[PDB]
Peer 1: 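So that we are looking at the same thing, I have put the structure below in structure tokens.
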Amino acid sequence: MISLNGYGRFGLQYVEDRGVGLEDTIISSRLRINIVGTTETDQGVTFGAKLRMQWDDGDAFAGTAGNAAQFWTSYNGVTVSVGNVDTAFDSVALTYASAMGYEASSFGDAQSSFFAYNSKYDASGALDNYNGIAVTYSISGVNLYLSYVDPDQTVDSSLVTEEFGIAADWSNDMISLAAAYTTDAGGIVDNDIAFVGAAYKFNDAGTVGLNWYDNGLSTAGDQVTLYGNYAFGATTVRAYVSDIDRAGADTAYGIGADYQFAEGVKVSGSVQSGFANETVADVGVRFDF
Amino acid sequence: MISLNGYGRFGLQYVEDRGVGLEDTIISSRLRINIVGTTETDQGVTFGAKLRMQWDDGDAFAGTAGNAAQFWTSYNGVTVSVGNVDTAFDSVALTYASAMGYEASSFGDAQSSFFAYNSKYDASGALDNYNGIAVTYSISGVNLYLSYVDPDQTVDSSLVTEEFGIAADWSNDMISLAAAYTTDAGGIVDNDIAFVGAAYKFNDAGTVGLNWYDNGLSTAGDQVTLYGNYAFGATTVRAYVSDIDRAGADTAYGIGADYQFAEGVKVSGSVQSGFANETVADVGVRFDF
Amino acid sequence: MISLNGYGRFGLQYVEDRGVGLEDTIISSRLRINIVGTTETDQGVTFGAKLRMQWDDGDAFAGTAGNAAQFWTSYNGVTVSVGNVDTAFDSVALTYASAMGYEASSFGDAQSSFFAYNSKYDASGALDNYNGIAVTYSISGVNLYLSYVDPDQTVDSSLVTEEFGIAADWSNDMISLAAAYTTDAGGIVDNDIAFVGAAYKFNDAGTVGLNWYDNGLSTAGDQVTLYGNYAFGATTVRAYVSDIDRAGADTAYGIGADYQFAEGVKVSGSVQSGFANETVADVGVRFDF
Ligand SMILES: CCCCCCCCOCCOCCOCCOCCO
Ligand SMILES: CCCCCCCCOCCOCCOCCOCCO
Ligand SMILES: CCCCCCCCOCCOCCOCCOCCO
């Protein structure tokens, strides 16, 4: 069976003083198409493969291609995947929970470098033999994640730096906890990063959380992000503040809202301020198809 | 929801004395696939996005990719679109009504340069930040069209030439009228073009029309095209003659036929002569899927 | 109507002493998506077109695009195709019958150069104006095939070398016979190749066959391949031995097995040895969607 899913988003993206002779506000948009092929068996093993075609404003040649494949095999709550896989640090819960606005951006997200599902092709040739293996397992409210990524699998392994990651998250109805650790993140020798987060749903209406990170070799250093959101019917108000160890940095912060216009249609905006006093704002829509 | 539609066409394309060591007749064909994603809401606002994958014989690398996206939002007869939009001068009725043959070509089409929906990627990089906004509105038999296209939206607007177009067409059962005007057409300062056309269905079987254009800065100058067609059951006979102001040009003309073989399947041929006495002929099929 | 079909395959691919500083075993995988558009008519003529998007591990830019189109028209057992067609030597039965392993490889396949359906784009530009025409006709158990391929159809034909091929195969329930001949195979003046094969199903469980080839201008020279397979319930055991005329070559051979895990899911492995004593082995899965 083959199925297609995706989304489109378009809105205004404002960056204070982006550059000499550059408009500070443009229309930024993205079109995402996923192509999923799956084969189900009567033995309960589901085989799958996916491809992604993703277009973003400003993309080279004003064109769209697919990325590199991802294959998986699933059985009894376990999934093993190969090729362009989702990684542990990028898949755990809570780590992207302060993101806001129609581009789901946050300075309160982790300031480190690490591998992740590659949504598009890469013109530098750096991903040509990139190959990952990941394993996930969901023990009810408890998710476990494991990923190994070799940036160039054709070359003797002793000559390249492979990334190894693990994560686990857990949740009941009102508390969630999440943790992840990754060594040689992004193929960088000694770039070892970690994440621990916790969140509390202090209603059915509100949640507050805290994420801490060790950003490994990044200039940012350790980081803490405090975030919260509140739902008022169809609108959701979100806010966060984040600090890094880097000498002299400002405290990052942001405020935003999400309006659930209909199932599949969300209007979102945000005003944020970064660690180097960058001012960014957005307003747009996303629709899921 | 995601849907796919398209067509394929293949036939012979003959160009008199195309060039030294070049075959005058080749097999020219095109494969077009549209990918449409739409999200409907109970509030009557439909959100949509589309992508196109188009292959033509002779295409670089013998490959196919998608073009840049187009997004739209529709409500009560109004449609607002963003990104790679259809423009006013290219979308009005009647302006392509003399086209014929399986490649739907005509020297009697407007001889100017202007922006239009870009069916493919562009290897020069000229379209990378091309961004348009269009608005259409259909007041029963009366269509209205508006388009604004900024060729590079990242750069201060004062430094680039934006294209602005408007058009309207109207039709009852037997007369149609259409008009369009576009300033700085194709991003060219002072390339201001206009179109006025009219057509008369003098039966349920025949139509005759006239299109006049101001081709702006083009070498062609003003132009007039007279065309007509007649349906004989499943066959349609078409003809046109066109003149331009350019000193010394020949009167362009063509004669063709369309055979409706089945719903979705059309066999078409044509013999045409251009403004510089070029001789072109074609014969082929198009099938819609 | 538009339909999508394809498959995904992933496993281990081992090449003895592949190269200094190169891992002998990697994970090799392929994702194939076919896009088929067809238009049926009440007159019994079916029009079709297809496109292919194929990703293989190691592919340039870690991306995927479509290849060049293929169009066809079918009526009463006859199919005429244009553009990127299947050729006679590549489509006849039996010629790939000794292939084994999850990559369906065999040194016992023909050692010549010839044109074939191009599954992907080609970055050299060599396929840009490549255009073929093929005709197949199936007279019950008897298939006939014809293909003409012009590598650059825009240039006077006298200046290029066109490939012409024919083949026929025939089968009752227990014997199959197949033959093919192609002149100027692969666009190479005087590269004339031929194939004759025969196979005998000596049960409902076993088959043995022999293929002979004239590999035209190749260094290999004439070739003979002897192969056989036996089905044991859900497993199939295959073997082959092949010899070429090239002075000094080793006898090529291989042994493999296929496990039909479920409809659409096949686990396959193989150990093979080539003409220059290369050692290759594989083990993997293929799933059809
Ligand atoms: C990301 C979308 C895929 C489109 C990228 C193809 C990029 C092609 O160009 C790479 C640079 O070299 C220039 C190519 O020659 C011109 C190609 O297109 C022209 C005729 O169809
Ligand atoms: C228009 C279809 C998309 C295909 C265009 C990709 C063009 C790639 O080449 C651009 C020029 O540079 C050469 C690239 O290196 C070779 C690529 O493919 C070979 C292995 O899969
Ligand atoms: C085979 C898949 C299609 C992808 C191939 C596109 C190849 C593009 O590069 C060709 C070589 O020239 C370099 C291009 O400039 C960078 C492109 O992408 C970056 C921003 O989206």
Side-chain angles (χ1 to χ4, degrees), chain A residues 6-14 23 25-32 55-58 62 101-103 259-269 282-289, chain B residues 1-3 34-52 67-93 114-119 127 129-140 142-153 157 162-170 180-184:
Chain A
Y7 65 79
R9 86 180 182 202
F10 65 84
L12 300 167
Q13 181 211 96
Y14 165 83
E23 202 63 273
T25 285
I26 54 148
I27 293 159
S28 154
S29 55
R30 164 175 297 172
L31 163 69
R32 174 186 293 174
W55 182 74
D56 287 278
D57 67 271
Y102 94 93
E103 281 166 329
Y259 187 78
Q260 195 67 44
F261 183 58
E263 180 186 353
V265 172
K266 185 196 244 132
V267 183
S268 296
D282 84 72
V283 77
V285 221
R286 178 190 151 143
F287 47 105
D288 288 68
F289 39 76
Chain B
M1 156 185 349
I2 296 183
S3 66
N34 301 312
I35 315 186
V36 185
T38 57
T39 306
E40 307 177 351
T41 61
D42 44 22
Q43 316 288 330
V45 179
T46 289
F47 296 80
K50 91 208 242 211
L51 180 83
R52 171 166 304 174
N67 52 353
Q70 177 181 125
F71 309 86
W72 74 84
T73 316
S74 296
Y75 181 63
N76 244 87
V78 209
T79 299
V80 191
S81 44
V82 196
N84 184 358
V85 299
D86 291 295
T87 53
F89 198 82
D90 186 57
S91 301
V92 255
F114 52 88
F115 291 134
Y117 188 69
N118 296 308
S119 284
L127 288 200
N129 297 290
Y130 169 113
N131 192 71
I133 293 259
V135 190
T136 65
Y137 167 54
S138 300
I139 168 240
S140 220
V142 182
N143 308 271
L144 250 296
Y145 319 74
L146 260 176
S147 48
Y148 165 84
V149 180
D150 185 345
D152 183 322
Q153 75 172 334
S157 8
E162 285 105 7
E163 188 195 74
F164 167 86
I166 355 121
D169 56 67
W170 163 94
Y181 176 80
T182 298
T183 50
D184 295 351

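Note: hydrogens, waters and symmetry copies are ignored here, and every other heavy atom, side chains too, is used. Protein chains get the first letters and strands the later ones, always in sequence-line order, with residue 1 at the start of each.
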Peer 1: Using 0.5 Å steps for rounding, measure from the CZ atom of A:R30 to the OH atom of A:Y7.
Peer 2: 4.0 Å
Peer 1: Is there a side-chain contact between B:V149 and B:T87, using heavy atoms and a 4.5 Å cut-off?
Peer 2: yes
Peer 1: Are side-chain N/O atoms of B:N67 and B:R52 paired as donor and acceptor at under 3.5 Å?
Peer 2: no
Peer 1: If you apply the rule side-chain hydrogen bond (donor to acceptor under 3.5 Å, both in side chains), what do you find for A:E103 with A:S28, and how did you get there?
Peer 2: CA-CA 9 Å; A:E103 281 166 329; A:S28 154; 2.5 Å; yes
Peer 1: Verify, without hydrogens or angle tests, whether B:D169 (side chain) and B:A93 (backbone) share a donor-acceptor contact under 3.5 angstrom.
Peer 2: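 Confirmed, B:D169 side chain pairs with B:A93 backbone.
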Peer 1: Drop me the distance from A:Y14's OH to A:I26's CD1, to the nearest 0.5 angstrom.
Peer 2: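 So the OH of A:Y14 and the CD1 of A:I26 are separated by 13.5 Å.
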Peer 1: Check the side chains of A:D57 and A:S29 for a donor-acceptor pair under 3.5 angstrom, ignoring hydrogens and angles.
Peer 2: no
Peer 1: Could you go through the ring pair (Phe, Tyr, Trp, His ring centres under 6.0 Å) check for B:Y181 and B:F89 one step at a time?
Peer 2: CA-CA 7 Å; B:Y181 176 80; B:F89 198 82; 9.4 Å; no
Peer 1: How long is the straight-line distance from OH of B:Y117 back to CG of B:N84, given to the nearest 0.5 Å?
Peer 2: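 Here the interatomic distance stands at 5.0 Å.
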Peer 1: May I ask you to decide if B:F115's main-chain N or O and B:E163's side chain share a donor-acceptor pair within less than 3.5 Å?
Peer 2: yes
Peer 1: Side-chain contact, heavy-atom cut-off 4.5 Å: B:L51 with A:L31?
Peer 2: yes
Peer 1: Measure the spacing between CD1 of B:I35 and CZ of A:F289 and express it to the nearest 0.5 Å.
Peer 2: 9.5 Å
Peer 1: To the nearest 0.5 angstrom, please state how far the OG1 atom of B:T183 sits from the CZ atom of B:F164.
Peer 2: 7.0 Å
Peer 1: Does the cation-pi check pass for B:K50 over B:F71, that is, NZ or CZ under 6.0 Å from the six-membered ring centre and within 45° of its axis?
Peer 2: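 The answer is no; the distance or angle limit is not met.
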Peer 1: More than 12 foreign heavy atoms under 6.0 Å from OH of B:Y148: is that the case here?
Peer 2: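 Above 12, so yes.
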Peer 1: For the rings on B:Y137 and B:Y145, is their centre-to-centre separation under 6.0 Å?
Peer 2: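 So the answer is no for these two rings.
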Peer 1: Between CG of B:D150 and OG of B:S157, what distance do you get to the nearest 0.5 Å?
Peer 2: 7.0 Å
Peer 1: Check whether any side-chain heavy atom of A:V285 sits under 4.5 Å from a side-chain heavy atom of A:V265, and report yes or no.
Peer 2: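 Contact flag for A:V285/A:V265 side chains = yes.
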Peer 1: Does the side chain of B:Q153 reach to within under 4.5 Å of the side chain of A:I27, using non-hydrogen atoms?
Peer 2: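 Touching, per the 4.5 Å side-chain cut-off.
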Peer 1: For a side chain to side chain contact (heavy atoms under 4.5 Å, CB included) check, start with the C-alpha distance between B:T38 and B:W72, then their side-chain angles and the critical distance, and finish with the verdict.
Peer 2: CA-CA 9 Å; B:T38 57; B:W72 74 84; 4.0 Å; yes
Peer 1: Pairs under 3.5 angstrom only: tabulate donor-acceptor contacts from the side chains of residues 39-47 of chain B to other protein residues two or more places apart or in another chain.
Peer 2:
from, atom 1, to, atom 2, distance (Å)
B:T39, OG1, A:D288, O, 2.5
B:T41, OG1, B:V45, N, 3.1
B:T41, OG1, B:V45, O, 2.7

